[PDB]
Amino acid sequence: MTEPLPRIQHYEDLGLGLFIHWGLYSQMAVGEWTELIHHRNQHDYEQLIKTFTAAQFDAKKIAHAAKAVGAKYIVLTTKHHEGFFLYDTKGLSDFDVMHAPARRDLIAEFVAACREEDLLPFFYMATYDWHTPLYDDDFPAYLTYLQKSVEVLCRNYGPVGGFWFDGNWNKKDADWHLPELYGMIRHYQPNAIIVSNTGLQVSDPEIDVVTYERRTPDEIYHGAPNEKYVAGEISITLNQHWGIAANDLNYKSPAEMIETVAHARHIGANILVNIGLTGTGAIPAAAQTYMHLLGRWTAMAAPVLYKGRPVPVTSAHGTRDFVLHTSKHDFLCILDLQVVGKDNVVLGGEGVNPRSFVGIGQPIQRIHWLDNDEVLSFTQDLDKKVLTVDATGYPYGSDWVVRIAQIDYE
Amino acid sequence: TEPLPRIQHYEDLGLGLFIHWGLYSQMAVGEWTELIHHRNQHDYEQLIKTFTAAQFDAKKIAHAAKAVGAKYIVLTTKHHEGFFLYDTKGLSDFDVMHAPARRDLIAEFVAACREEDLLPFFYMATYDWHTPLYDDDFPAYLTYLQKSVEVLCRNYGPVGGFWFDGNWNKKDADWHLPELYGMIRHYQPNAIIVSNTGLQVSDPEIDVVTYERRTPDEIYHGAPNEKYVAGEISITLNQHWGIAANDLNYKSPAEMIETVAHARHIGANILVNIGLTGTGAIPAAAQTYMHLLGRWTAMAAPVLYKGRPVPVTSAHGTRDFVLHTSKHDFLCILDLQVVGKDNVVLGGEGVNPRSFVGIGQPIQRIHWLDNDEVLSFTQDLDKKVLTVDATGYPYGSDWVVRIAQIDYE
Ligand SMILES: C[C@@H]1O[C@@H](O)[C@@H](O)[C@H](O)[C@@H]1O
Ligand SMILES: C[C@@H]1O[C@@H](O)[C@@H](O)[C@H](O)[C@@H]1O
């Protein structure tokens with residue numbers, strides 16, 4: 001059993017990040033895979049570079065919004081499958097933002113804005129590339145091109161929080177020369193977090209984080225024992241698409257979003273919440289609504305969201321409650337509460353609501369809700385490690401979806 | 001019995017916007033705050049002094065309703081807190097003319113609705129926390145209630161209807177409905193009268209009764225040989241009707257679209273509720289849902305207004321249903337997925353036979369409303385079976401409830 005390296009410990013403390021999809025596809029507003037899935041003429045699609053003005057991209061506003069939502073890092077698409085680069089590739093390619101009307105290195109603006117807000121900037125990079133003929137016609141030269149594009153990101157922007165490698169949809173059993181790619185990154189960015197969405201045996205010793213599906217039930221895989229500890233991360237997009245998709249109406253509820261964030265922490269993973277920017281780089285109004293709601297929850301949950309860790313304490317039969325541990329406190333995360341009415345106005349939260357947990361062995365002095373500081377009544381059986389709390393319902397006018405009670409030990 | 005013409009017009013409205021706005025909105029902890037949080041009445045009622053309506057724009061509200069595909073708006077003219085959003089002409093000092101706003105907000109509302117061709121409806125609470133008449137002199141309370149409705153009848157031109165909230169009352173009491181409703185008929189013969197305690201109906205003059213969102217089957221239209229009464233369901237976006245800043249428990253936009261579709265399926269109208277801010281703005285969160293709902297209702301316009309339930313059921317294990325207009329049937333199809341390509345599998349790609357029982361006429365063509373794609377189908381006319389291949393959504397889109405129009409031979 002190994003402990004995480006410092007940089008990975010810092011990663012796990014980040015808790016929540018914002019994922020941002022923005023590319024030429026954003027102009028179409030029919031999903032980021034539009035070029036392949038809608039079988040578009042490549043030449044015609046790539047003309048979208050000519051109208052890429054970034055007229056409404058404001059990295060400062062984006063970093064401010066991330067800070068307000070309680071995110072501690074942002075993963076930006078620096079190049080997606082379409083193969084267009086949002087930064088100055090310094091001669092590697094003409095299909096980049098410096099050859100577009102915007103004439104701005106957007107990654108430079110992004111990194112500066114993240115630093116001002118104390119956020120870690122992370123760079124998403126797609127390894128499956130539809131633009132360069134090298135990908136199909138000269139794979140070894142493709143690897144050189146890929147590696148050079150990452151090298152620019154390693155050398156021109158100062159210290160980088162990390163890299164988010166999307167290795168899906170690739171040729172099977174191809175040699176990707178990961179030792180050389182990740183070795184290069186270690187050389188110029190020793191402190192960078194390397195995230196892989198095909199990191200599972202790990203695909204390379206240098207991988208720091210592996211991605212997992214958001215529905216994963218139990219605590220995630222941290223690597224083979226006595227080997228390097230690897231962290232985990234789940235992702236959620238607000239509708240069915242990652243890039244903006246105007247007529248995708250199938251948005252998840254804000255409630256499900258909050259439950260997914262809580263769930264990530266419960267299984268010992270970070271969570272990225274994704275937004276797709278408009279063609280010109282604005283946060284769309286729908287995404288703002290979700291960020292405002294999530295922000296209210298994460299501000300309330302701040303005592304536990306960053307430092308809280310899974311612990312072997314389970315909830316009683318038939319509840320979805322769980323516990324997170326910090327060094328000073330335990331926190332009960334309680335679901336399926338209702339609002340409290342009054343007298344003959346019954347909203348469902350009114351009755352005594354005993355919620356039990358097994359695995360707490362220390363005597364407790366006080367338990368209180370984070371949102372209003374109400375003190376809860378409880379009983380313990382120290383021998384069996386049972387805690388039962390009366391989990392009162394929400395004050396009329398409020399509903400937190402996931403309610404957190406802080407335990408103060410004697 | 002078949003609906004009277006004003007009720008038929010009501011059923012064609014399909015979708016309305018419900019708007020909760022009162023003094024409670026300044027608190028942003030739900031519209032029942034005065035009772036449920038056991039406030040001192042005097043202290044709560046000081047909220048009149050800061051009721052500026054500084055951001056209330058009836059034109060913006062009517063425009064938003066038009067854009068979302070709503071055909072009427074129900075505005076709270078007086079809620080349980082008992083404060084009136086219009087000039088009561090001396091009936092009460094607890095009204096907007098005694099607030100800094102100094103505007104008859106109902107007048108602005110009615111003008112804005114007419115401009116956009118929307119019907120204005122007035123919600124009126126009958127359980128009132130402000131006037132001591134309610135408990136101390138019930139007969140005088142009835143007169144006060146009736147007078148407050150009379151002002152709404154006589155001062156604003158023709159009104160689309162009244163939405164009476166009769167919940168939480170004293171159960172035994174004689175409310176003198178024939179007189180109250182009778183007065184409305186005299187002033188506003190064509191007004192729709194909606195009652196949320198309309199159920200035997202509570203009075204012959206009731207036109208519409210309310211029902212729970214979750215009602216599974218087609219709603220109750222009144223006893224045979226009796227006046228037909230329409231139905232209406234309501235949905236609020238979170239758990240509260242007035243604005244509630246720390247209520248994060250919003251329903252998904254998908255559930256909102258499904259609820260709208262469901263209401264039509266059971267032969268009811270649907271109200272989607274928004275709570276305004278203290279100063280009368282539509283909050284940003286509500287704007288998002290309206291824009292998403294608006295995209296769906298624009299696509300569904302051929303069926304959303306005139307479509308009616310019909311005895312055609314869907315096959316085992318699906319939630320699909322059919323709506324009938326005089327020229328077409330429409331298949332409303334749920335649980336579809338997005339179509340990928342080649343090795344990119346999103347779940348909607350395979351042939352997806354969806355069947356219906358009760359279609360007896362030969363069909364010429366079936367096509368999706370969103371993109372005009374023609375669907376393949378087979379029929380067994382003797383058993384009245386229709387089976388369509390319900391293709392999945394084009395990548396980049398997802399309508400939640402997809403609608404196919406049937407064109408008959
Ligand atoms: C993060 C998401 O997952 C990757 O596999 C991509 O294929 C998607 O377009 C999106 O970037
Ligand atoms: C639509 C709802 O109707 C009544 O039941 C009121 O008690 C609520 O506050 C709300 O106005």
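Every residue, every condition in (1) acidic (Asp, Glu); (2) buried (at least 18 other Cβ atoms within 10 Å of the Cβ); (3) within 16 Å of A:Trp22 (Cα to Cα), yes or no:
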{"residue": "A:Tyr45", "(1), (2), (3)": "no, yes, yes"}
{"residue": "A:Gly70", "(1), (2), (3)": "no, yes, no"}
{"residue": "A:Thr77", "(1), (2), (3)": "no, yes, yes"}
{"residue": "A:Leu86", "(1), (2), (3)": "no, yes, yes"}
{"residue": "A:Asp94", "(1), (2), (3)": "yes, no, no"}
{"residue": "A:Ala100", "(1), (2), (3)": "no, yes, yes"}
{"residue": "A:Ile107", "(1), (2), (3)": "no, yes, yes"}
{"residue": "A:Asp118", "(1), (2), (3)": "yes, no, no"}
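Residue pairs whose Cβ atoms lie under 9 Å apart, separated by 6 or more positions or on different chains, with the first residue in segment B:72-92 and not assigned by TED's automatic domain parsing to the domain that holds B:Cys113 and the second in a strand (DSSP E or B), do not occur. Of all the criteria given as (1) among the aliphatic types (A, V, I, L, M); (2) touching a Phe, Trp or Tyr at 6+ places or on another chain (Cβ under 8 Å); (3) more than 16 Å from ligand 2 (Cβ to nearest atom); (4) farther than 27 Å from B:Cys113 by Cβ, the one not satisfied by B:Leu152 is (4). Of the residues in segment A:188-203, at least one is part of a helix (DSSP H, G or I) and more than 13 Å from ligand 1 (Cβ to nearest atom). Listed conditions (1) within 14 Å of chain A (Cβ to nearest Cβ); (2) surrounded by 19 or more Cβ atoms within 10 Å (Cβ to Cβ); (3) among the small types (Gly, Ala, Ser) are all met by B:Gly307, apart from (1).
I'd like the full set of residues that are farther than 17 Å from A:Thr379 by Cα and surrounded by 15 or more Cβ atoms within 10 Å (Cβ to Cβ), limited to segment A:323-333.
Selection gives A:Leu324, A:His325, A:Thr326, A:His329, A:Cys333.
Taking segment B:1-54 as the range and being within 14 Å of another protein chain (Cβ to nearest Cβ), in a helix (DSSP H, G or I) and either within 16 Å of ligand 1 (Cβ to nearest atom) or not polar (S, T, N, Q) (or both) as the test, the residues that pass are B:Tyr24, B:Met27, B:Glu34, B:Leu35, B:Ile36, B:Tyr44. Determine, yes or no, whether A:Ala316 is out of contact with any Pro (no Cβ under 6 Å at 6 or more places or on another chain) and either closer than 30 Å to A:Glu32 by Cα or within 14 Å of chain B (Cβ to nearest Cβ) (or both). Here the answer is no, as A:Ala316 does not meet what is asked. Total residues in segment A:225-280 satisfying the condition of being among the aliphatic types (A, V, I, L, M) and within 11 Å of chain B (Cβ to nearest Cβ): the figure is 8.
Residue by residue, here is whether (1) away from ligand 1 (no atom under 16 Å from the Cβ); (2) within 24 Å of the chain's Cα centre (by Cα); (3) more than 17 Å from B:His240 (Cβ to Cβ); (4) in a loop (DSSP other than H, G, I, E, B) holds:
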| residue | (1), (2), (3), (4) |
| --- | --- |
| B:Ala67 | yes, yes, yes, no |
| B:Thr76 | yes, yes, no, no |
| B:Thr88 | yes, no, yes, yes |
| B:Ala101 | yes, no, yes, yes |
| B:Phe109 | yes, yes, yes, no |
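In segment A:233-251, the qualifying residues are those that are surrounded by fewer than 23 Cβ atoms within 10 Å (Cβ to Cβ) and in a strand (DSSP E or B), and the one that is nearest to ligand 1 (Cβ to nearest atom) is A:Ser235. Scanning segment B:311-322 for residues that are crowded, with 17+ Cβ neighbours inside 10 Å and under 15 Å from B:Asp217 (Cβ atoms) gives B:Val312, B:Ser314, B:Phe321, B:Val322.
Here segment A:191-207 is the region considered, the condition is being of a type outside the set (A, V, I, L, M) and out of contact with any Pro (no Cβ under 9 Å at 6 or more places or on another chain), and the residue that is surrounded by the most Cβ atoms within 10 Å (Cβ to Cβ) is A:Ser196. Of the residues making up segment A:117-136, those that are within 16 Å of ligand 1 (Cβ to nearest atom) and in contact with a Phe, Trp or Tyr (Cβ under 8 Å, 6 or more places away or on another chain) are A:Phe122, A:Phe123, A:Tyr124, A:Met125, A:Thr127, A:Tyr128, A:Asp129, A:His131, A:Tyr135. For the criterion of being under 25 Å from A:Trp176 (Cβ atoms) and aliphatic (A, V, I, L, M), A:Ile107 passes. Considering only segment A:140-153, I want to know if a residue exists there that is within 16 Å of ligand 1 (Cβ to nearest atom) and closer than 24 Å to A:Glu12 by Cα. Among the residues of segment A:140-153, not one is within 16 Å of ligand 1 (Cβ to nearest atom) and closer than 24 Å to A:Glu12 by Cα, which makes the answer no.
With ideal geometry, Cβ positions are generated from the backbone for all residues, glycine too; neighbour counts draw on all protein chains shown. Numbers and lists here come from the model and the stated rules, or from a named source; no laboratory instrument gave them.
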